[PDB]
């Protein structure tokens, strides 16, 4: 096979194909540390040392770039190490801006590599209105997590990309978009003036919950050589095994996301018709979504994704309740898995954060977050129903 501007599905199946003399339709698992060489100076095949590069990683990387309509890609130990290679690629003592509704990741990473006080950070909700007033103070990074977790607030990647060129032209301010929740299938941030697309491969891409891997894609060659250097040097790289496993699960990503999203929409609509036991509902798929205009311009076919957020006509109990009365959806952490899961950001995730903010940024104390899996739609829909009542009673 040899792609030539085929469709997404065709690309998932063959992008990042491999090189085998034997003729293996399937890629082998190369865990080899080192490789023999023709002359001391240079190898008996493009590979010299695993960490520097190995076939499984390299190939998973070529695949994620393509799927992400990007020229380049790099896999790391996790999503956290990926965000972190980015932050440490920043000139010493810099500043970065990011949406509020973010994983504690930024909090963490942003700060750590900001050893003692290194990389400044000014969290900001509503990106398009405070970015100009904030765009400087040493800024060099703009971090957007398109659909926020759990509120699900979509952001206009283009309006941001522009607003930057405007309020900070000449100072190399790169824009990074976290595209984990939608996944390469639903959207491609680079196609909207984004310098780097970052994913937590643990979720959708691998999609089977058995690999903690992260990846980034960029069309900017220099920004990609720097970032790869840090990779080769700080060594927060992925295991040939995890890459290969992830590479394998991404081949059904288009299939798994399509299904996962239809179902989500069919579940949101249901919860958005029950004026009774359902207070608010969050799902970028609903035409009533606050930024549905962006959905239609960044989301393929306007798929809402697999995440749905909603608050019931009750309180913390009903929610903590729903989280258990459930039979098919499994209470836990994480998401984007092959199996349905549901979590209450407030308690589970957003812990060390006073209810003070868990009302402001959106994280309502009585909010139930859910990750739609690929189980039968009706078996799941009917299940959400069967659980509302329980909570109510």
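Positions refer to the first chain, counted from 1.
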* 277-285 or 178-186, whichever carries the higher mean Cα B-factor -> 277-285
* Mean C-alpha B-factor comparison - 241-249 and 263-271, higher one -> 263-271
* Out of 208, 258, 153, 313, residue topping the C-alpha B-factor column of the entry -> 313
* Name the one of 330, 33, 334, 69 with the greatest CA B-factor according to the PDB entry. => 33
* Asked: Considering only modelled residues of the same chain, in which third does the CA B-factor of residue 120 rank: lowest, middle or highest?
  -> highest
* Assigned third (lowest, middle, highest) for the C-alpha B factor of residue 10 -> lowest
* Within this chain, which third does the Cα B-factor at residue 372 fall in: lowest, middle or highest? -> lowest
* Among the modelled residues of its chain, does the C-alpha B-factor of residue 108 lie in the lowest, middle or highest third? -> highest
* residue 132: which third of its chain by C-alpha temperature factor? -> highest
